[PDB]
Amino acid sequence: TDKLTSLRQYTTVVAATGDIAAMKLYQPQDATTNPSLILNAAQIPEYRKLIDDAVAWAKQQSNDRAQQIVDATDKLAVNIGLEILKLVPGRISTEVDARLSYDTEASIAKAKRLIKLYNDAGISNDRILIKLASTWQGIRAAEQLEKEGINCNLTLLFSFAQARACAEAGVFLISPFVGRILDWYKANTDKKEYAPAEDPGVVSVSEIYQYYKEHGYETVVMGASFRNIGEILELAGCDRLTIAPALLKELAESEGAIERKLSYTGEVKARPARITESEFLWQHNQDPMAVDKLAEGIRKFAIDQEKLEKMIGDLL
């Protein structure tokens, strides 16, 4: 059989895209989106209908141009999620405005607003994951949201300190990155070529997976961001993996079964005391790669958010 089919025996397959065409081809269980993917999807000609509905709905909610742009942008993200939910049995991940990444209260409010829009469309909370950046503020927001019945997807996770803080907050799922970690090493280190087993991104997710299973944490581990199929195959066994359409195609066209790589067969160990903000900040900033990438990831998503607002602005 093919690699994709084989991988499904050990790992739940998730598609990283806002394009419904991929949902029909690979039949993933869940789908994930982010500000950049939403911006790109808005370019798809067939999605024109989704944009017009968002704008029309917005103008029916208020007569304030400022509020219309925000309502239109949020509704568009939700409308795209709605189309995807028609083709997948699982969940859709929708990300909150990245400009609120360092504001706990504002993030909680925005998350509840998005949940409200999904509910108004008839979708219940068990089919959604609100996506937030893994800053200390985002983690504190998620801990509160989970208590109120809203499940979260903690993304842009680079350091071990982030992974630990997320597990202790009891979040539903984490999206530790692989590929962006590789990018950092290729650009700031001597070694430009890495064997799958020594890929820094692969090692990071593997260590996080071990820590989570070893201590009985229920948080779902979903590896994200890939540069080649080698990284994916090296993580076979991870709870879930969200993969871009291009790599999904490569897996489906290659023959040969694969072997499970990630597993924890021991018994659960006792959990340590919770990490404090001071300890979190110290440990996270000890990692040069994580310091650069977390901040950069937030900057980029914020820029794409602004570009989307521009686009919608010229339509009001």
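All residue numbers are counted from 1 along the displayed sequence.
Higher mean CA temperature factor between 194 to 202 and 109 to 117: 194 to 202, per the PDB entry.
When the mean C-alpha temperature factors of 179 to 187 and 232 to 240 are read from the deposited coordinates, 179 to 187 comes out higher. Within the selection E253, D30, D287, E279, the deposited Cα B-factor values reach their highest point at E253. Ranked by Cα temperature factor within the chain, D292 sits in the lowest third according to the deposited record. Annotation for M23: C-alpha temperature factor in the highest third relative to the rest of the modelled chain, per the entry. Among all modelled residues in its chain, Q60 ranks in the highest third by Cα B-factor. For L308, the recorded CA temperature factor ranks within the highest third of the chain's modelled residues. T265: CA B factor in the highest third of modelled residues in this chain (values from the PDB entry).
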